[PDB]
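A single chain comes next, written as structure tokens; it is the form deposited in one PDB entry.
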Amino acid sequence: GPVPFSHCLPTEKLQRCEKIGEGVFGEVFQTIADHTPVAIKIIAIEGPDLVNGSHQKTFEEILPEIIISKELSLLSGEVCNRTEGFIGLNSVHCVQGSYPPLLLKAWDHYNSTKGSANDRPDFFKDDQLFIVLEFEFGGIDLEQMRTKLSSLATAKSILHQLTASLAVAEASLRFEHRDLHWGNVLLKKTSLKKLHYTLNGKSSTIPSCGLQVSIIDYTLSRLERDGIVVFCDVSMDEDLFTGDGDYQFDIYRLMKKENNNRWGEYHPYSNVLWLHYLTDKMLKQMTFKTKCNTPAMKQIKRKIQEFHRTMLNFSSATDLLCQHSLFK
């Protein structure tokens, strides 16, 4: 059966919770577990109330994200297809209770400072079930970092790291992220100068420009092992495909076009589409400490621009990583 909230979030942990993010799915908090920063995603399941404009998922409907989070968590310690470019999953609990007042305090603080698009999660009864995922802390999302990068050289590292990570997961797991908007990309400072990955037994490096990129949040993701596919079937989800005001919302439509609304299938082109969306964000919606006023900088910009205009002619992140001139 479920555990009480106190099992997962005893007082000292609840007291160190700060809200760091959200989605329709629920809420994301940073805290401390054994002197170690962690991120906690909390999802309401199985209940009758509308939450953030939607019905709650059942356990069965959350299971793919759990599975995919576990599969991707293994990649940092594998050998033939290895990368630290996803995120560690530490634990998964099924919790029962009303929402902790201290979480609501952290929720209120975020709403007061950043503003929320969600319902204040204060209406759940003491029998409410939640899934609580504890992840490794992966840094700050790309959207909040949009005014914080040093230069387009940093941009280039981020794109290279993202492409490599997606390629390794394609090779290992026939993985598609399927929802890689700039909120789902994390940046953390690193003293490492070069980052390592292995793709089908071949190890290569990427200059870090002082950041380690982590791809997170596998709500729409798909993968397979030994012909058994795990995914989010969105073939009857009307609203996902009717969004507007951002190239993000075109990506959902373009994916559906590519796969003919068959989400069980493997279409690694979806990774390229997300990578195109991310490149676009980088060229249009970022402000850099170093401006576009030196030779080296104009050259990187031209390279990222050329990448943007050619990358949709590649078939997967693996194709991009292995063949695109940007990464040579």
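Sequential numbering from 1, following the sequence displayed.
Not pictured, yet referred to below: the form solved in complex with a partner chain.
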{"item": "One stretch from 192-200, 124-132, 94-102, 213-221 that, in the deposited bound form, holds residues within 4.5 Å of the partner chain by heavy atom", "value": "213-221"}
{"item": "Contact flag, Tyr247 vs the partner chain in the deposited bound form, heavy atom cut 4.5 Å", "value": "no"}
{"item": "Any non-hydrogen atom of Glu78 within 4.5 angstroms of the partner chain in the deposited bound form", "value": "no"}
{"item": "Partner proximity in the deposited bound form: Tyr252 to the partner chain, non-hydrogen atom cutoff 4.5 Å", "value": "yes"}
{"item": "Heavy atom of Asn52 within 4.5 Å of the partner chain in the deposited bound form", "value": "yes"}
{"item": "Triplet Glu170, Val229 and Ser316 all within 4.5 Å of the partner chain in the deposited bound form via a heavy atom", "value": "no"}
{"item": "Answer option from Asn118, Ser204, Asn90, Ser151, heavy atom within 4.5 Å of the partner chain in the deposited bound form", "value": "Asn118"}
{"item": "Among the candidates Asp179, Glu136, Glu71, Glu84, the residue which, in the deposited bound form, approaches the partner chain to within 4.5 Å (heavy atoms)", "value": "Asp179"}
